[PDB]
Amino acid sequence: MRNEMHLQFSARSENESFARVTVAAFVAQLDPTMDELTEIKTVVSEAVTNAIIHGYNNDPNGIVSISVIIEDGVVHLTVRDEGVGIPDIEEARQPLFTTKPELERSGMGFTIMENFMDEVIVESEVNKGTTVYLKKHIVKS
């Protein structure tokens, strides 16, 4: 098949569960397992959470943008923000690394993303914003 969806919401935090539901409900079309989904909703919470806090330093006007393109059993997620951006990519993408070590969750994030998803490609450019790929093929039995 070929199903695509595009979502845009304010960079508030109360929109976390919302981003999860929306992406999951859409990827639910691929007939996944309750786990594959719970993973997807995590991968999402990671990227979307980053944007909200890093990209827009929690500015309720930041507007987060999500894109999902299911096709031939392969989910094609994408989260992007027009915020602050990431100076060093490979470095900010290293395990335990942070800019806001204000705990509250971890130091992990690109680790979780890197883990669950089959492929994760990041892209940023100071003040322009970041565009995280994220892809996860889903199988059948």
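We call the rigid core whatever largest set of C-alpha positions still superposes within 1.5 Å between the two forms. In case it trips you up, residue 1 is the first one in the sequence shown, and so on.
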{"property": "Farther-lying stretch by C-alpha RMS in 4 other deposited structures of this protein (rigid core fit) among 104 to 112, 86 to 94", "result": "104 to 112"}
{"property": "Comparing 6 to 14 with 123 to 131, the one whose average Cα B-factor in the PDB entry is higher", "result": "123 to 131"}
{"property": "Which of 37 to 45 and 59 to 67 has higher mean CA B factor, as the PDB entry lists it", "result": "59 to 67"}
{"property": "84, 92, 79, 75, ranked by C-alpha B-factor: the highest one", "result": "92"}
{"property": "Maximum C-alpha temperature factor, selected from 103, 51, 27, 108", "result": "103"}
{"property": "Chain thirds of CA B-factor: placement of residue 113", "result": "middle"}
{"property": "Chain thirds of CA B-factor: placement of residue 138", "result": "middle"}
